[PDB]
Amino acid sequence: XXXXXXXXXXXXXXXXXXXXXXXXXXXXXXXXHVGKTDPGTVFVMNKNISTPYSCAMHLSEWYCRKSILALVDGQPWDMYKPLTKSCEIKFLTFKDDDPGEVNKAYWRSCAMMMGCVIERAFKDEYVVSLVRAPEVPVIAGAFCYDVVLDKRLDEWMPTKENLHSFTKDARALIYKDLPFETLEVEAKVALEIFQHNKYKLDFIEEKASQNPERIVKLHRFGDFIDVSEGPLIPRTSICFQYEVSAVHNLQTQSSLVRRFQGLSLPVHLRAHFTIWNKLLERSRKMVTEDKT
RNA sequence: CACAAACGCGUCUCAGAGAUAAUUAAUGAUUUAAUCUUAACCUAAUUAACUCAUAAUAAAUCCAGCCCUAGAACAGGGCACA
């Protein structure tokens, strides 16, 4: 499973390098960024596939480190979202009155993150087998990560120490400080990469083919790749803590589905350890609910 | 005593025990048939110091900010954070 993951990561890196090469082949472009977040700001630079986060860096280190999301021409985008021609750049943060976008992005980042973690733990033991299902976001403050496993994992029970170890590895990758990557790829090469995952194949085939856009955004964290229609968390330093609350088993059309669920911590801030235990209980209860 | 504080002039408390002092008082008893608290040896009893069966001590790893009978700073305490 290590050779297949290394070959898939090498094929994804070659496809990302080829797409990036063919898209950035012309390095002559005009990027004008003008808008008022704080009072007015006017800047003009020449680059292709320009990053608004680099403009945040251009302003100062403070607004840079406090940058979470980027509102462009009224449309909310990730800070890694490339800009072209004239654009109006606004900096959206958690403390702002509109938590929704950064919240959704946060939950989708947490789902992805564990998408990597579980896989890495499953790369520790060759006995286990993992197949990723689609993820279900919940605006109630929940996120559900769906997956299916080998029969051996169906026979063997998920002891508490296990999930604790998953949490430890999650925090490990959290303080490892690994930057997220944003790739623009065709549905074809993507289909080829996701061939080993049936649910993702069905996802792309059914949903993405109906969509007029053949350009899909692949978010890469470590050796893990995920499909996202929306913004991602800026860095690994943004997420202070993570926890694994509980799992569920659903039976549909004579098929079994294993759904893992947990919670996340915004703006690197926790009130106390008591309210943390309370957050554990709340987490598990929200897992028992399984909102849809 | 002109705030709810600090004081005595006011009130309360003060304890075993073990061992040895230098004197001094002995038991069976040699060397030296007697005698002898001593040479040996089991052993009876004797100020303060010299010591404790013990009483005070130590859960670091956030503490912004607001307060305190706490306070030079610091330290200590208390305030139902985002």
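Residues numbered from 1 in each chain as written, not as in the entry; some residues may be left out. Chains lettered and ligands numbered in written order. Part of a larger assembly, values for the part shown. Heavy atoms only, no water. Residues with missing side-chain atoms left out of burial classes, pairs and counts.

Method of structure determination, per the deposited record: cryo-EM was used for this entry, reaching 4.90 Å resolution.

Novice: Can you help me understand the packing of aromatic side chains in this one?
Specialist: How two aromatic rings sit relative to each other is set out by the distance from centre to centre and by the angle between their planes. Aromatic pair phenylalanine 94 and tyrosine 106: ring centres 5.7 Å apart, planes at 80 degrees, arrangement edge-to-face. One end of the pair, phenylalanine 94, is in the loop between β6 (89–92) and α4 (100–121); the other, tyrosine 106, is in helix α4, with 12 residues separating them in the sequence. Consider the rings of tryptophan 107 and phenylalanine 143, whose centres lie 5.4 Å apart with planes at 25 degrees: the pair is stacked. Pair noted here: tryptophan 107 is in helix α4 and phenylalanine 143 is in strand β9 (residues 142–149), with a separation of 36 residues, a long-range link. Of the aromatic side chains, those joined through ring pairs into one cluster are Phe94, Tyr106, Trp107 and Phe143. Sitting above the plane of the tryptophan 62 ring, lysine 66 keeps its charged end 5.5 Å from the centroid. Sitting over the face of the ring of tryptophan 77, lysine 81 holds its NZ or CZ atom 5.5 Å from the ring centroid. (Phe/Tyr/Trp six-rings, centres within 6.5 Å; stacked < 30°, edge-to-face > 60°. Helix = DSSP H or I, 4+ residues; strand = E, 2+ residues; numbered from the N terminus. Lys NZ or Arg CZ within 6 Å of the ring centre and 35° of its normal.)

Novice: I tried to follow the pattern of salt bridges on my own but got confused; where do I start?
Specialist: Pairing between side chains of opposite charge can happen when the charged atoms of each approach one another. The closest approach of N and O atoms between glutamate 119 and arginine 132, which form a salt bridge, is 3.0 Å. Remark: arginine 132 occurs in strand β7 (residues 130–132) and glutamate 119 occurs in helix α4; sequence separation between them is 13 residues. Salt-bridge contacts for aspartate 146 lead to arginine 259; the nearest nitrogen and oxygen are separated by 3.4 Å. Here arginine 259 lies in strand β14 (residues 255–264) and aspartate 146 lies in strand β9, a separation of 113 residues in the sequence. Overlapping salt bridges bring together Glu119, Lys123 and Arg132 as one network. (Salt bridge = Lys/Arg side-chain N within 4 Å of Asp/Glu carboxyl O.)

Novice: Looking at this structure, how should I read helix α6 (residues 160–175)?
Specialist: Owing to its 3.6 residues per turn, the α-helix aligns residues three or four sequence positions apart on the same side. Between its terminal C-alpha atoms α6 stretches 23 Å, which fits the 22 Å expected from 16 residues at 1.5 Å a residue. With its phi angle positive at about 55 degrees, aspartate 177 sits one or two positions after the end of α6. (Expected span 1.5 Å × (residues − 1).)

Novice: Is there a simple way to explain the sheet that holds strand β10 (residues 181–186) in this structure?
Specialist: Backbone hydrogen bonds hold the strands of a sheet together, and the pairing may be parallel or antiparallel. The strand order across the open sheet built from 3 strands is β10-β11-β12, with neighbouring strands paired in antiparallel fashion. The open sheet is flanked by β10 and β12 (224–227), the only strands paired with a single partner. Each adjacent strand pair in this sheet contributes to an overall mean axis angle of 35 degrees, direction not counted. (Pairing = 2+ DSSP bridges. Axes fitted to C-alpha atoms, helices over the stretch in contact; angles between N-to-C directions.)

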